[PDB]
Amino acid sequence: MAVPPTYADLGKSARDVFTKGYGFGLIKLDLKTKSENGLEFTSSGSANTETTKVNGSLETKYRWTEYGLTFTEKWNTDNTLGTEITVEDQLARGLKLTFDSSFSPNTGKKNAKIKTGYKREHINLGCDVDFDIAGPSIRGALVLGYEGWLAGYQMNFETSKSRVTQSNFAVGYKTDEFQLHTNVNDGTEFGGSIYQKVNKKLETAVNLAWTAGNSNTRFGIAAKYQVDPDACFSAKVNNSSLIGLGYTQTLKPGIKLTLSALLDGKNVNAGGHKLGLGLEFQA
């Protein structure tokens, strides 16, 4: 509550209005299980309707909530294999330590990561260390909270160049009904968003972005409407004349079907329009 989100999560709700409920140019297939404790899995299939390629992924996850411990295994179709062990609230409440290891037989590449987070009232801290063979990189982030206000800083240091390759600032304001987010990346990319939960059935979002040195501006508007408890409608536009439409229907308890269409406003009157289909299977 008084505990602020991580840097990456600043502006999440707004991003979510634009991203969720849409799966353009894909046939997506998701099998998920749920347990508060022990085993759960997430299985995913994806066909790209342009490239005809078919991707798959499995993720198994074991939670030992007795000791704030979680074990996760990942497997992709391109034989990428991943292991993730996380410890949360063990040494100190709000402390989180994650060891991650990855391997690709197809490219011989191995990768390992260590992520540490510490959060408490008004503060959310993070330090991620990537032990890439090109050289270690270190990402640090800090989010300060004051009476609904949020200020964040985020950086990335690459030891091989021994140079900062990323320096981002964010400032925002967050209640449960309304969220303001602004950020500037590398003193170069400016972003801003407003999120509003207008009522219990309607959420809206506006997003702005522009780039120093260019007079252009990108914006988008988006909404999500909960028509009943088993149907949800999403619509979005941007100033490149793109229109996104999405409908999500519960066919049966545990089963949701999403249809999505991306229209190019320049030529809605006949043209190439991306469709999407999503099927989520729960438990």
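Don't overthink the numbering: it's just position in the shown sequence, from 1.
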Q: Can you let me know which of the two, 106-114 or 91-99, has the higher average C-alpha B-factor in the entry?
A: 106-114
Q. 76-84 versus 192-200: which one carries the higher mean Cα B factor per the record?
A. 76-84
Q | Highest recorded Cα temperature factor - choice among 216, 60, 250, 239 | A | 250
Q. Against its chain's modelled residues, does residue 19's Cα B factor rank lowest, middle or highest third?
A. middle
(Q) What third of the chain does residue 161 rank in for C-alpha temperature factor, lowest, middle or highest? (A) highest
Q: Sorting the chain's modelled residues by C-alpha B-factor, tell me whether residue 1 ends up in the lowest, middle or highest third.
A: highest
Q | CA B-factor ranking of residue 27, expressed as a third of its chain | A | middle
**Q.** Third of chain Cα B-factors occupied by residue 244
**A.** middle
